[PDB]
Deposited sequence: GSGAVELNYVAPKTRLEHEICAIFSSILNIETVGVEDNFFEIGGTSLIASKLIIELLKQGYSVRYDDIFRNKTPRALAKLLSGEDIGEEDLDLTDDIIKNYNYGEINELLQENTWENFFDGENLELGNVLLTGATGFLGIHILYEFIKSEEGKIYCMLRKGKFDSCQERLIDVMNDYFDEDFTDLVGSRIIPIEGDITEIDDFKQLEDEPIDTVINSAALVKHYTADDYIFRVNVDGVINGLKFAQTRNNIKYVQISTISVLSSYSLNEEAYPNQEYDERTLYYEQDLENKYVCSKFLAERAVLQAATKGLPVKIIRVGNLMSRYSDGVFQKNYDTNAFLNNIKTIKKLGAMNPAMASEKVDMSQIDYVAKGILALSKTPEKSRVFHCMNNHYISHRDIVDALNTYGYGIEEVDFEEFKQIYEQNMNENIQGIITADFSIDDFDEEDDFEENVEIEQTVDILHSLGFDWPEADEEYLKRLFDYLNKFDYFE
């Protein structure tokens, strides 16, 4: 064992908290929270307990400082960045400059053809498969692991029936081709090299905002590199990467070096804050995709936003409990209050069926149209959301900052888990400058407008979650 006795009284307190939270007889000062039985959700209880003792910490602190020794150095005052900065972005930026309304409008659209879809079992991927079945003519190969099933074919069929009213089982074997595979193993791509594949759509991703190890980089970066290598083995395979709008994460940390910076579909790197592991992995994937483009691969990067329930019927993902936006809303409901900054925060409600439709449409844009901001441009505020929630009788109120604090102080328990796992800190009290209009315009030219996230849609959404007593 690495058992080291704590020295200072602060270290003793943090060791004792670890041991009480995890129910471990003896915890040393160099015990890794996540190695000794801690999980990401128990980390939020850890944070709540440290806040109850009057320490100033937030959720990412326990991921960056995993032992009581490190946590005490933090609370008392004592390679990805190099990968990001050690790069010549000239050629990528030159390609980005071609991504204009003019080149979309003047260019020749590309054919989708037969699709290799990764991530078909996740929330986005299943709906891409749904829309492909419903609106496209070709074949779709879906790469997935067998999981708890006898075959990946049975697993895909089960997920399809989980999410759809229609039974599209009878298309499995004709339009839908299940492929046993894992994007993190490059050899799993070899079995596809003799298949008529025209477009790869890479929606497989690990979308945890905070993780204790580097598997997120294996799925989100190495898997993209492997898919790009597969695409490069032929001269006619488009590679469409599903990305996140969050790569435009902040104002430049070095404004002197990036003056008059815009944050649009022609922007990749401007020394924005890339410390978060998920944003960082997606950024590195984008850079790999555009690099391959500088070598001649046809590519698209489709940045998506706040992936929400279907417009048609309000159905959300199977693992409804893990969404950060919704858990923040849950906390607001539990406290029955939000302060004015919270109330005013705008959000896209990108309905997953329309996200998938928009991905399929943008995949057909001309070769120079490389990067899109595919999210619902009719932003709502948390007053809109709370107006919808209060029709259930929850009585949620917009309160002033001081009152919100009093209510927050009085709820140092499970009720604030939501905002805690979203890296909230009561002291925390740019995105308005992200532009998406070009993509709006292009989508409109393609026949696509976003449906408004009106009260009825929000009620559909909340009705679905209420079937699980989500707010209970």
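Q: Provide the list of deposited-sequence positions lacking C-alpha coordinates, grouped into contiguous ranges.
A: Gaps in the modelled chain, taken against the deposited sequence, lie at 1 to 6, 85 to 92, 444 to 448.
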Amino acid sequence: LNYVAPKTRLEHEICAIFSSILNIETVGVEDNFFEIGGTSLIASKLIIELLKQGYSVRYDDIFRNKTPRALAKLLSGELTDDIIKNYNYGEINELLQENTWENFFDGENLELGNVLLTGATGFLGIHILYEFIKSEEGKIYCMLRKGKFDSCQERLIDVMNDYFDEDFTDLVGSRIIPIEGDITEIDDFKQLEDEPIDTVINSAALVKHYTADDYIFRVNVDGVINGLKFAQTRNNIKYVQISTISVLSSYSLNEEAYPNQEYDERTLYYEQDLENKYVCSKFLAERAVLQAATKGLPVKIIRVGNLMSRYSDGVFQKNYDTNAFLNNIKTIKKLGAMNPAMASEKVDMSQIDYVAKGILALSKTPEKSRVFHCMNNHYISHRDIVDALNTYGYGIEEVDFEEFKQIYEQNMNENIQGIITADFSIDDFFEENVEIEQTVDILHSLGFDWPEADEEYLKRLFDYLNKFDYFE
From here on, numbers count along this sequence of modelled residues.
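Q | Mean C-alpha temperature factor, higher of 435 to 443 and 401 to 409 | A | That would be 401 to 409.
Q.
Using only C-alpha atoms and the B-factors in the entry, which stretch averages higher, 101 to 109 or 186 to 194?
A. Result: 186 to 194.
Q) Between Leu248, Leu362, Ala212, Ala356, which carries the biggest CA temperature factor in the record? A) Among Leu248, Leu362, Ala212, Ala356, the PDB entry lists the largest C-alpha B-factor for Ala212.
Q: Divide the modelled residues of the chain into thirds by Cα B-factor and specify which third, lowest, middle or highest, holds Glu91.
A: Middle third.
Q: Taking the chain's C-alpha temperature factors as the reference, tell me which third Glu271 falls into: lowest, middle or highest.
A: As the PDB entry reports it, the C-alpha B-factor of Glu271 lands in the middle third of its chain.
**Q.** Where the record places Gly147 (Cα B-factor, split into thirds across the chain)
**A.** Highest third - that is where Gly147 ends up once the chain's C-alpha B-factors are sorted.
Q | Modelled-residue ranking by C-alpha temperature factor, third containing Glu286 | A | Lowest third, going by the recorded CA B-factors of the chain.
Q.
Looking at the temperature factor on the CA atom of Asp463, which third of the chain's modelled residues does it land in?
A. Middle third - that is where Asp463 ends up once the chain's C-alpha B-factors are sorted.
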